[PDB]
Number of protein chains: 2
Amino acid sequence: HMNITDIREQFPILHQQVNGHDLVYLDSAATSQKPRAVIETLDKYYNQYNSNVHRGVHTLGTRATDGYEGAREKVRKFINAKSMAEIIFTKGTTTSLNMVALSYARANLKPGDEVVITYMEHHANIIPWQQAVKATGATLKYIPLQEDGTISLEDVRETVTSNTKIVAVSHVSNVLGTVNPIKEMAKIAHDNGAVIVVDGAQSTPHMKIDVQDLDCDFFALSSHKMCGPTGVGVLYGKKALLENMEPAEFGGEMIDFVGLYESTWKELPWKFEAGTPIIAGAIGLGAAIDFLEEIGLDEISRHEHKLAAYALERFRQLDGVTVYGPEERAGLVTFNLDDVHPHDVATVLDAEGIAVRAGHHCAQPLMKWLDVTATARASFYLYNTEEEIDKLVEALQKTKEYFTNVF
Amino acid sequence: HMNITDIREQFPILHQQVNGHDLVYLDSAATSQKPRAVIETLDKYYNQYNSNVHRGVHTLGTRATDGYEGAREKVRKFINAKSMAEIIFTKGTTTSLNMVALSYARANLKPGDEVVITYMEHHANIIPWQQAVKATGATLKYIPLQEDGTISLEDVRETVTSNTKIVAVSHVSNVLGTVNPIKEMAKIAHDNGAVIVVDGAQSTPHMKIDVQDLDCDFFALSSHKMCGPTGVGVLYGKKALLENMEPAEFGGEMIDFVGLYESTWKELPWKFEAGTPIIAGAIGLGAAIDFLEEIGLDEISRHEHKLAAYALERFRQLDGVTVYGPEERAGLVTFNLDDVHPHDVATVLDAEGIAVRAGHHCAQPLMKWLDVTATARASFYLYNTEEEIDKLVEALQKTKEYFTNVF
Ligand SMILES: Cc1ncc(COP(=O)(O)O)c(/C=N/[C@@H](C=O)C(=O)O)c1O
Ligand SMILES: Cc1ncc(COP(=O)(O)O)c(/C=N/[C@@H](C=O)C(=O)O)c1O
């Protein structure tokens, strides 16, 4: 099993106080912290072999290249892609999703064509489709949610029709904690001749991903949520789809021949990588993958299952608290105190050393669906403990009392 | 004056051997090395205050935000922009130039409209315009070069007409070393009712930039070329132009309201920053700016003037060597040995510890203009010395002899 003490020892950022209390960092769904192995990877890159990429020029240039392409291979193995040609480094989930919207949607949508999404989608998995449908005169639809905030396959068969070109859905919701039935949704999407686009920002850090088994057409993830550097993400796509898409951006590196007016493109994946790439970040993403793999994604997932069950239980022991979403869930709890604004919850918790987030969580439609204007959220990762969940629930109790007394 | 010994002591990467020789890194135009101050800035971010951005949530979240926005202010002051609203963080020069091509060009070009570029442009400053003209049915033109690879203002007045909508030109060429007359070109562009787009990837690291004085409409730069982290760049644009451009990418952070089908955008600059931003990289870019400013850009520029003059002189002492471009120049020399392929020059130099680059340097049209298929390039920065230029010229001499003897 994973030793949480040994894990925590690897994250320098955890060992500090805020407002005179030990830090309790419960905001990993907004961004995760990094272990020494990742930070030192960046240090070593910049201290030792930084250079632009291109093998066969000079020694540092070769090392930088092998580091960068080596990290591409680590990602390929990590999500079980067939080919490095299917692994594109981007700035993050958002950019990855916009590339599909730009290069895939905008070239394949006619009036009458449908893009189908869901009410629980992050804005990253909403606004690009809004724009693409508007550019092409196509139509945007939403799969409804059940009362507990999961999605039924029946609603999917209903919403998706033989005019659906794209289904775009989150693997795991960053609000509800719902793990969506991606694999069954891809089968439905294909039956109607659609592609499926998976927003995997919240799944990838927390559970094994297998794109062959999921049979997703595209899948997007962010380094910063999975112990990796900021500024880096991945777009996975079926090679046959990427082969037919035009690039989203143009310049050096992604070309083959450049004439005065006309140019040709490199092979995949480089066709989609314009300009000097995110060298250090991608190499650190590779380190983060080595780190998560050595612990075991299955172990991390079990740990989060225990944390989530413990949290849901301790929350149900509190009066005047609503928790949103299903019982089976990823490692997060979005909630509200009756008669306490979530911004205030966050503020008061921070004075107790506790970091949570309050707001829309980039899911305005979902908040509307929940009939709230905002929520608070505690989100967990491999370095969190039950003791920390105790501090959270104890702090929510005191928050209730404190605002009861102000009133 | 700047002490080169004290400067070099700050760059750990310089102090190592390749193939048993002290490293001589002469490839800073491909990418620059980082001082301790920059690396330690990244370390401290990840060790101490990593969190997603948004003030007023939790203490680390506030520190991360102040770090990120504080770096935006450092950039604004660094290039003498009026407003942080004009400073957009991007992945790099390439992405910055594509955003202008996407959001500016594609929305403002009609058949008959001209985009004017030059023969010396990097691909980053070519392919986006190729694509934009093709998307709109507009026309692409090239300002010719003089025999020494500078541009005459007369050719500019000739090429630019009252149908020109955009002039896009490099500040400093990464091949010829030419410093282009940007300020006069902007006056000509405006006289015809065009905007000017400046590719400043090669100028920004090496000389003071003043966007008020240059009167450029847009200006693009890359962190990695100026002692800063990889994966980060800047798009500067006149506020009044950015106000009218639609975003290039969509998602969280860059929105105000999100409805089911329609959304509104945040104010500048956030309108152009979709998704979790490049937090650590931007903060390190700010550190790099603090570092370059403390030394003085003017001092760095003088140092490079001396290095370039010394290099041109020592090169002219070698028989069978052609150097390309003008006498007045930035700190780089692109060249060829008679009867030695530049790839081979690079290879053999690397065995002597010396890092140079060989190839097209992302300037295929310019190579055609030079009537070569490839060149070799030594490029300098604040940490290079004349002793290192001696090793280079001595190594080119031995390369000549060695391939004379092979023959
Ligand atoms: C399901 C899901 N989809 C997209 C994103 C956005 O990813 P990036 O901000 O581009 O790295 C995220 C990350 N969301 C963060 C920040 O917006 C949060 O939940 O606070 C996400 O969880
Ligand atoms: C004048 C000029 N314009 C654009 C670029 C490309 O910037 P990025 O690769 O996107 O950081 C660069 C950087 N060029 C490098 C790499 O392509 C080189 O010259 O080797 C440049 O110098």
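Judging from the entry metadata, X-ray crystallography is the method by which this structure was determined, and 2.20 Å is the reported resolution.

### Brief notes about the site of ligand 2
Surrounding ligand 2, one finds 19 residues, the nearest of these being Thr276 of chain A together with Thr94, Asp199, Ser222 and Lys225 of chain B. Near ligand 2, residues from chains A and B are present, making the site a shared one. Interatomic distance of 3.1 Å between a side-chain N/O atom of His122 of chain B and a nitrogen atom of ligand 2. One of the side-chain N or O atoms of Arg377 of chain B is found 3.0 Å from an oxygen atom in ligand 2. Summarising the interface, the protein chains cover 95% of the accessible area of ligand 2, which totals 500 Å² for the free molecule. Across the shell around ligand 2, the residue classes break down as 6 nonpolar, 10 polar and 3 charged.

### Structural notes on the domain arrangement of chain A
Residues and elements named next belong to chain A. Taken as a whole, chain A is organised into domain 1 (2–28 + 296–406) and domain 2 (35–295). Counting from both sides, the interface comprises 34 residues of domain 1 and, opposite them, 37 residues of domain 2. Both sides together, the interface formed by domain 1 and domain 2 hides about 2,900 Å², and carbon and sulfur atoms give 63% of it. Considering only the surface of domain 1 that becomes buried against domain 2, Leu297, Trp369 and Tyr381 emerge as the three largest contributors, covering 23% of it. Our count for the contact surface shared by domain 1 and domain 2 stands at 1 salt bridge. With a closest N to O distance of 3.2 Å, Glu9 and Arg36 form a salt bridge. At the junction of domain 1 with domain 2, the criterion picks out 15 residue pairs in polar contact. Here the residues of the side of domain 1 that touches domain 2 are counted per class, giving 20 nonpolar, 8 polar and 6 charged.

### Examining the nonpolar core
Ranked by size, the top nonpolar core spans 160 residues in total, and within it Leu382 of chain A together with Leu382 of chain B carry the most contacts. Of all hydrophobic cores here, the second largest spans 39 residues; its members include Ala105, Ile127 and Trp129 of chain A together with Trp265 of chain B.

### A word on the UniProt feature "active site" in chain A
Annotation from UniProt places "active site" at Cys362 of chain A. By secondary structure assignment, the location of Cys362 of chain A is in the loop between β16 (357–359) and α13 (364–369). Excluding its chain neighbours within four sequence positions, the residues that come into contact with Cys362 of chain A are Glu121, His122 and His123 of chain A together with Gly252 of chain B.

### Remarks on the packing of aromatic side chains
Residue and element names in this part refer to chain A. Going through the model one piece at a time under the given rule, you end up with 24 aromatic pairs over all chains. Between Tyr45 and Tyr46, the ring centres sit 5.1 Å apart and the planes meet at 70°, which makes this aromatic pair edge-to-face. Take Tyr45 and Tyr46: they sit in the same class, and that class is buried. Through a chain of ring-to-ring contacts, the aromatic side chains of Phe11, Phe291, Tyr381 and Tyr383 assemble into a single cluster.

What counts and how
- Residues numbered from 1 in each chain as written, not as in the entry; some residues may be left out.
- Chains lettered and ligands numbered in written order.
- Heavy atoms only, no water.
- Near = heavy atom within 4 Å.
- Polar contact = N/O pair within 3.5 Å; in protein donor to acceptor, adjacent residues only side chain to side chain.
- Areas by Shrake-Rupley, 256 points an atom, 1.4 Å probe, with all protein chains shown as cover.
- Nonpolar A, V, L, I, M, F, W, Y, C, P; charged D, E, K, R; others polar.
- Domains from an automatic or database assignment.
- Contact = heavy atoms within 4.5 Å.
- Buried area = accessible area lost by both parts, 1.4 Å probe.
- Salt bridge = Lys/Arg side-chain N within 4 Å of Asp/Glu carboxyl O.
- Core = buried A, V, L, I, M, F, W, Y, C linked by side-chain atoms within 4.5 Å.
- Buried < 20%, exposed > 50% of the residue type's maximum accessible area, 1.4 Å probe, protein only.
- UniProt positions renumbered as here; feature names shortened; annotations may be inferred.
- Helix = DSSP H or I, 4+ residues; strand = E, 2+ residues; numbered from the N terminus.
- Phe/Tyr/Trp six-rings, centres within 6.5 Å; stacked < 30°, edge-to-face > 60°.

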